[PDB]
Structures are given as structure tokens and as C-alpha cells.
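J.: Here it is, the structure in full.
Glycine gets a Cβ as well: all are built from the backbone with ideal geometry, and neighbour counts include every protein chain shown. None of the figures in this text is laboratory data; all of them are computed from the coordinates on show.
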């Protein structure tokens, strides 16, 4: 949304890379779209349904946060716990959580809360928040 916020947010992506999903583009490059996302937000769900198109010209770094309450933070904890680093396996796993009818499973939420709050600390207030190169 705003350059000063995105500048702060870019530093969180770097500092939090262990918790970031990195999707290599179909065409290798150094452009990188940074996406901050909530699994229960309809617009993030649409954005994720366009990941194939995003990855036609850029690398995508996906940072999931619980902005929409309890289920959202559970889904964020699920995703963070289940991140394999394998692109196809993680995309399939994310596809199941970006469904409106799916629910988050009970899990410790500490890492998801910290990641969420670290994104909130940059001034991000809405999702999807998107930085393009």
C-alpha cells in the first residue's frame, strides 16, 4: 500500500525468511513479489488462486498472518508447522487452507502470533498486502 510501510515490511520478510514460503518462478529471475496474506480473507484467497500467474514473471514470497481472528491464526499456525520447503507439496497444503469451508486445526499459535505481530509492527493493517519489484 505505502512505500514507507513496504520498506519496513521488506525487512520483516528477510528477518523472518524461515517462516516465509518462497516460490521460485517458472521463468528464473530476481523480481520478487512479497505477499502478506490471511487464509480466511476472500481477496487473499483470490490472490492465491492467481499464484500460477504471479509465478509466470516473478518469484513469490508468501507471509501468512492471522488478521481475521481465531481460525485465521490457527490456519497460519498450521501452515507454518507444515511448511516442507518443497514447492508442490506446500502449494497443495496452502490450497487446502485457502478454501472458505476449511477450518484451522488446534495447534500452538506462538510462532504465528509473533509473525503476525511483527507484520503488524510495520504498519500493515490490511490484507492482502503486496509489494511488487
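J.: Examine segment 27-47 for a residue that is closer than 26 Å to residue 133 by Cβ, part of a loop (DSSP other than H, G, I, E, B), in contact with a helix residue (DSSP H, G or I) (Cβ under 7 Å, 6 or more places away or on another chain) and without any contact (Cβ under 8 Å) to a residue 60 or more places away in the chain, and state whether such a residue exists.
T.: Within segment 27-47, not a single residue is closer than 26 Å to residue 133 by Cβ, part of a loop (DSSP other than H, G, I, E, B), in contact with a helix residue (DSSP H, G or I) (Cβ under 7 Å, 6 or more places away or on another chain) and without any contact (Cβ under 8 Å) to a residue 60 or more places away in the chain.
J.: Residue 74 - would you say it is more than 28 Å from residue 7 (Cβ to Cβ) and buried (at least 19 other Cβ atoms within 10 Å of the Cβ)?
T.: Criteria met by residue 74.
J.: Let me ask you something else. Quick one: would you say residue 82 is surrounded by fewer than 16 Cβ atoms within 10 Å (Cβ to Cβ) and in contact with a helix residue (DSSP H, G or I) (Cβ under 7 Å, 6 or more places away or on another chain)?
T.: Details: surrounded by fewer than 16 Cβ atoms within 10 Å (Cβ to Cβ): yes; in contact with a helix residue (DSSP H, G or I) (Cβ under 7 Å, 6 or more places away or on another chain): yes.
Answer is yes for this residue.
J.: Please go through (1) outside any helix (DSSP H, G or I); (2) under 26 Å from residue 3 (Cα atoms) for residue 18 and return the number of the only condition it doesn't satisfy.
T.: That leaves (1) as the condition not met.
J.: Among the residues of segment 23-43 satisfying the criterion of being out of contact with any strand residue (DSSP E or B) (no Cβ under 6 Å at 6 or more places or on another chain) and under 22 Å from residue 99 (Cα atoms), which is surrounded by the fewest Cβ atoms within 10 Å (Cβ to Cβ)?
T.: 42
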